[PDB]
Amino acid sequence: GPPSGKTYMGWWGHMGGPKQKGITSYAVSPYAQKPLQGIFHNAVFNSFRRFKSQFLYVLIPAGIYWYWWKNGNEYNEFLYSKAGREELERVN
Amino acid sequence: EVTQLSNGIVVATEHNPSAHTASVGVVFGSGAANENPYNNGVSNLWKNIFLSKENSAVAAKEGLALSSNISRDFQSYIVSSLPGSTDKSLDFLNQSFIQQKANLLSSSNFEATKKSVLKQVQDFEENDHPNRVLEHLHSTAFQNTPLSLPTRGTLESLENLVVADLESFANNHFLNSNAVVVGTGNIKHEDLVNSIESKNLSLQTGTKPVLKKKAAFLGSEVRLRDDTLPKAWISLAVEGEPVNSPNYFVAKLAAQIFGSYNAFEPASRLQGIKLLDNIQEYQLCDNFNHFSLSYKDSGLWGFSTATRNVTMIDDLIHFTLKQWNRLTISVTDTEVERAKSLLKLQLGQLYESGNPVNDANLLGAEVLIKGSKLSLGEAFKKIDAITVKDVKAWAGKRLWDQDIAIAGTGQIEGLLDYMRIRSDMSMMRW
């Protein structure tokens, strides 16, 4: 067949990573162990852990654009209100 | 003929007038399964103490040869000699191994033996791949149970031993109720019993420790990957039959059906084994073999293989397991007929070889479980009585949709995950 280019992945046998030595793996057949073994204590304690870490990365970025839209919505409500047409004519 | 007397210690003897040598030995019913992970390797150290330079020198001065064998279920100490001097072997065995052990457990001798055994185990663990793969297969199949402890002992545990561990093990396990005195070759049973009776030859009181947990099989795998090696070595097995099972010979015959294969020998490429039809085209493997090993509590039935084709491992495993699948549904009569004679020749050479040490080990290991030794003739009739229905009945029970144990080392990156192999134990077309 025709030759091909140079990539960053191989296949089973020549995957292309570094040579490894001195690392051992153990596993057990799933017919011999019980799944669902720790679903509780993971739905409570594990989820709370992850939440407490990544929640100020989403809240403050959502805490800025909520007060920015609200002070524009409650400002647009006064500009088109009967008490805020005089400010409307100076911005229209 | 095999003659066994329970007077004194259990004395077994198999007489062969043709032989020009005679062996006398002691076989103990304890093995590497009787020790724990903290004193693992005490049996190997005892063996190498019996085989030490001073003991072997004193033995060889009289004209005697010493053999020692360590296994899961027994320990063998054999003295071989010429037929006229069979009484001298008993005297050496009494004087050295049994009566006194202070000389063999001196400080310098113990340190030298410990340093030699450590060197041997260190060399084994790095430069002997097909056998250490089988050891890891045992260690992962019977984990947390007595049968999984390696017979040589681990490197980390062998350092912690002192002479106190050795003498404790000798006190706990070297007992009259645990021992069989075996005689093989050109000796007579009556003469052997008379020679024992003249001396005392009492070992100890009895009551060896009883294990609290019986060996159990767990489906599992261990992968020791090393990319600086040229091949990949793989051993795969399922649970088999123990000694004294009704399906022992059926197991050995079903193993003999697939046999062994070497790619470089011209003759073994023409064998009636149908598996080769799938292997030969792309050179999937260099060699494989099939085994049916039996112990006191459980067994292993499977195969072991080595290959340089690191990109086609899964094809090899797939074709082998599809050949195993054929046993349950569509085994043919000609296969069984060939297997009978191949097994008979296979068993024939094993039990009828010239060397009496193998006979001594086999007789001692046999009488410690059965209580008697099966004859060669009665073995053949059970082999001849095997039919297709028996093979199908055994295979539908022992290997159809059953858990497996795997152990591999080398360039095993091509070896797929556990489940993908586990699904190959059924056809799904039947």
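Every residue, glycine among them, receives a Cβ derived from its backbone with ideal geometry; neighbour counts consider all protein chains shown. Numbers and lists here come from the model and the stated rules, or from a named source; none is laboratory data.
Structure notes:
- Scope the stretch B:307-362; condition closer than 30 Å to B:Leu66 by Cα and β-branched (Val, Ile, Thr); matching residues: B:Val357
- Exclusive hit being in contact with a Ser or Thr (Cβ under 7 Å, 6 or more places away or on another chain), under 29 Å from B:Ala141 (Cβ atoms) and either among the charged types (D, E, K, R) or not assigned by CATH to the domain that holds B:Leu236 (or both), set B:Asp424, B:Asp403, B:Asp359: B:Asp403
- Reported count of residues in the stretch B:23-56, each being farther than 11 Å from B:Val182 by Cα and of a type in the set (A, V, I, L, M), is 6.
- Some residue of the stretch B:63-72 being in contact with a helix residue (DSSP H, G or I) (Cβ under 7 Å, 6 or more places away or on another chain) and at positive phi: yes
- Answer residue from the stretch B:292-332, given it is among the hydrophobic types (A, V, I, L, M, F, W, C) and within 14 Å of another protein chain (Cβ to nearest Cβ) and is surrounded by the fewest Cβ atoms within 10 Å (Cβ to Cβ) among those: B:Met312
- Restricting the first member to the stretch B:205-225 and to residues that are away from chain A (no Cβ under 14 Å) and surrounded by 11 or more Cβ atoms within 10 Å (Cβ to Cβ), and the second to residues that are among the small types (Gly, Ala, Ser) and assigned to a loop (DSSP other than H, G, I, E, B), the beta-carbon pairs closer than 9 Å and six or more apart or on different chains are B:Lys208/B:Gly29; B:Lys208/B:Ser30; B:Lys214/B:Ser298; B:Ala215/B:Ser298.
- Every residue from the stretch B:174-233 that is under 30 Å from B:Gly302 (Cα atoms), touching a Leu at 6+ places or on another chain (Cβ under 9 Å) and either of a type in the set (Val, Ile, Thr) or not assigned by CATH to the domain that holds B:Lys296 (or both): B:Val222
- The combined condition, being without any contact (Cβ under 8 Å) to a residue 12 or more places away in the chain and either surrounded by 18 or more Cβ atoms within 10 Å (Cβ to Cβ) or not in a strand (DSSP E or B) (or both), is fulfilled by B:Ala164.
- Filtering the stretch B:235-276 to residues that are of a type in the set (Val, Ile, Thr) and within 14 Å of chain A (Cβ to nearest Cβ) leaves only B:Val238.
- Taken over the stretch B:142-158, the criterion of being out of contact with any helix residue (DSSP H, G or I) (no Cβ under 7 Å at 6 or more places or on another chain) and either buried (at least 20 other Cβ atoms within 10 Å of the Cβ) or part of a helix (DSSP H, G or I) (or both) is satisfied by B:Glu156, B:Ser157.
- Within the stretch B:124-150, considering residues that are closer than 20 Å to B:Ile234 by Cα and among the hydroxyl-bearing types (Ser, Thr, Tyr), the one farthest from the chain's Cα centre (by Cα): B:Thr140
- Conditions (1) away from chain B (no Cβ under 14 Å); (2) surrounded by 10 or more Cβ atoms within 10 Å (Cβ to Cβ); number of the one not met by A:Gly17: (1)
- Those helices (runs of 4 or more DSSP H) lying entirely in the stretch B:327-385 with at least 3 residues more than 15 Å from B:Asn16 (Cα to Cα) and without any contact (Cβ under 8 Å) to a residue 60 or more places away in the chain: B:333-351, B:376-385
- Residue, surrounded by the fewest Cβ atoms within 10 Å (Cβ to Cβ), within the stretch A:35-52, restricted to residues that are under 30 Å from B:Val222 (Cβ atoms) and away from chain B (no Cβ under 14 Å): A:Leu36
- Number of positions in the stretch B:404-423 that are crowded, with 18+ Cβ neighbours inside 10 Å and either of a type outside the set (A, V, I, L, M, F, W, C) or part of a helix (DSSP H, G or I) (or both): 10
- Qualifying positions in the stretch B:250-265 - surrounded by 21 or more Cβ atoms within 10 Å (Cβ to Cβ) and in a strand (DSSP E or B): B:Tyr261
- A:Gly22 being over 32 Å from the mean Cα position of the chain (by Cα), surrounded by fewer than 10 Cβ atoms within 10 Å (Cβ to Cβ) and on the phi > 0 side of the Ramachandran plot: yes
Here's the yes/no breakdown for (1) in a loop (DSSP other than H, G, I, E, B); (2) out of contact with any strand residue (DSSP E or B) (no Cβ under 7 Å at 6 or more places or on another chain); (3) closer than 30 Å to B:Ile313 by Cα:
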{"residue": "A:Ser4", "(1), (2), (3)": "yes, yes, yes"}
{"residue": "A:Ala27", "(1), (2), (3)": "no, no, yes"}
{"residue": "A:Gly38", "(1), (2), (3)": "yes, yes, no"}
{"residue": "A:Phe48", "(1), (2), (3)": "no, yes, no"}
{"residue": "A:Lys52", "(1), (2), (3)": "no, yes, no"}
{"residue": "A:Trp66", "(1), (2), (3)": "no, yes, no"}
